[PDB]
Number of protein chains: 2
Amino acid sequence: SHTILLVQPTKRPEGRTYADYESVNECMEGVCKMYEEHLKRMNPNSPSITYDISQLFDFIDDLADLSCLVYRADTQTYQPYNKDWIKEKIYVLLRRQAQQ
Amino acid sequence: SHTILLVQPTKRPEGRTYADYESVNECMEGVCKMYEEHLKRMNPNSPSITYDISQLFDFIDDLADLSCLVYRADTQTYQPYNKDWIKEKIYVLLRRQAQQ
């Protein structure tokens, strides 16, 4: 289902940005890639970045704002979800890819 | 009602940004202010910027993407609206402020 991700890195309003995806899983992957890009910048000479779930969660907590909207066909509107919901959906995604 | 405005000025994805407001009218005012800021930049030595509705509509048409989401208490979800709906709500806003 069409999912819209809203991100505000810091208190600076001009940093507000968004991205959209065909599904919740792709959106969650998008959040992970955002963190991975941050890690690449903080570890520039490392071609392979590794992290544990708690570190990604800490990153999300540090963002000034992170939320998403998921399309619901029953009402043809977008259901809002907060940081905690996103953290949990990322967990299920990462644990599944691990067991896959 | 809480309204979220999504704007993508050009085909450049990094230009995607958003802003939110307490109401639809304040969001529409936000779109007008966005256009007014553009006009100020294109007419730097003019402290007073004036424009007709058709010019604002043309500006909106030129944006790569412009849409909004309005909270609906009945379902506790966000109703999506496109560029045309926004143009029309701006028209009603501007015509009212004119007759006020």
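Cβ atoms come from the backbone with ideal geometry, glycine included; neighbour counts cover every protein chain shown. Since every read-out is calculated from the coordinates, none of them should be taken as a lab result.
Quick one: in region B:22-41, which of the residues that are farther than 15 Å from B:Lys89 by Cα and within 14 Å of chain A (Cβ to nearest Cβ) is surrounded by the fewest Cβ atoms within 10 Å (Cβ to Cβ)?
Looking at residues that are farther than 15 Å from B:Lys89 by Cα and within 14 Å of chain A (Cβ to nearest Cβ), I get B:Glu37.
Pairs, please: C-beta under 8 Å, at least 6 apart or cross-chain, first residue part of a loop (DSSP other than H, G, I, E, B) and in region A:31-47, second surrounded by 10 or more Cβ atoms within 10 Å (Cβ to Cβ)?
Partner pairs satisfying both residue conditions: A:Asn43/A:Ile49; A:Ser46/A:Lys40.
Which condition from (1) within 21 Å of B:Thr3 (Cα to Cα); (2) more than 15 Å from the chain's Cα centre (by Cα) is the one that A:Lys40 breaks?
Only one criterion is unmet by A:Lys40, namely (1).
Check whether at least one residue in region B:69-83 is under 23 Å from A:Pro13 (Cβ atoms) and either out of contact with any strand residue (DSSP E or B) (no Cβ under 7 Å at 6 or more places or on another chain) or assigned to a loop (DSSP other than H, G, I, E, B) (or both), and report yes or no.
There is no residue in region B:69-83 that is under 23 Å from A:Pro13 (Cβ atoms) and either out of contact with any strand residue (DSSP E or B) (no Cβ under 7 Å at 6 or more places or on another chain) or assigned to a loop (DSSP other than H, G, I, E, B) (or both).
Do the conditions hold for A:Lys11, that is, is it of a type outside the set (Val, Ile, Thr), more than 14 Å from chain B (Cβ to nearest Cβ), in contact (Cβ under 8 Å) with a residue 12 or more places away in the chain and not in a helix (DSSP H, G or I)?
yes
Residue-wise test of (1) closer than 22 Å to A:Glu22 by Cα; (2) of a type in the set (A, V, I, L, M); (3) in contact with a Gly (Cβ under 9 Å, 6 or more places away or on another chain).
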| position | (1), (2), (3) |
| --- | --- |
| A:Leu56 | no, yes, no |
| A:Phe59 | no, no, no |
| A:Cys68 | yes, no, no |
| A:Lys83 | yes, no, no |
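Inside region B:52-100, can you point out the residues that are within 14 Å of another protein chain (Cβ to nearest Cβ) and farther than 19 Å from B:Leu6 by Cα?
B:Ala73, B:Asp74, B:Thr75, B:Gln76, listed by residue number.
If the requirement is being surrounded by 14 or more Cβ atoms within 10 Å (Cβ to Cβ) and touching a helix residue (DSSP H, G or I) at 6+ places or on another chain (Cβ under 7 Å), which of these qualifies: B:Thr77, B:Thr3, B:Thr17?
Working: B:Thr77 fails: touching a helix residue (DSSP H, G or I) at 6+ places or on another chain (Cβ under 7 Å); B:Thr17 fails: touching a helix residue (DSSP H, G or I) at 6+ places or on another chain (Cβ under 7 Å).
Sole residue among the options that is surrounded by 14 or more Cβ atoms within 10 Å (Cβ to Cβ) and touching a helix residue (DSSP H, G or I) at 6+ places or on another chain (Cβ under 7 Å): B:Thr3.
Looking at region A:81-92, which of its residues are surrounded by 15 or more Cβ atoms within 10 Å (Cβ to Cβ) and within 11 Å of the chain's Cα centre (by Cα)?
Hits for region A:81-92 are A:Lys83, A:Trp85, A:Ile86, A:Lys87, A:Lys89, A:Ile90.
Return the residues of region B:41-62 that are within 24 Å of B:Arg96 (Cβ to Cβ) and not small (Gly, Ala, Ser); say none if nothing qualifies.
Taking region B:41-62 as the starting set, the residues that turn out to be within 24 Å of B:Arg96 (Cβ to Cβ) are B:48-61.
If the condition is that a residue be within 24 Å of B:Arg96 (Cβ to Cβ) and not small (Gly, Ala, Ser), then B:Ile49, B:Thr50, B:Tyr51, B:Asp52, B:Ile53, B:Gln55, B:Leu56, B:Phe57, B:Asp58, B:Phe59, B:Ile60, B:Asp61 are the ones that fit.
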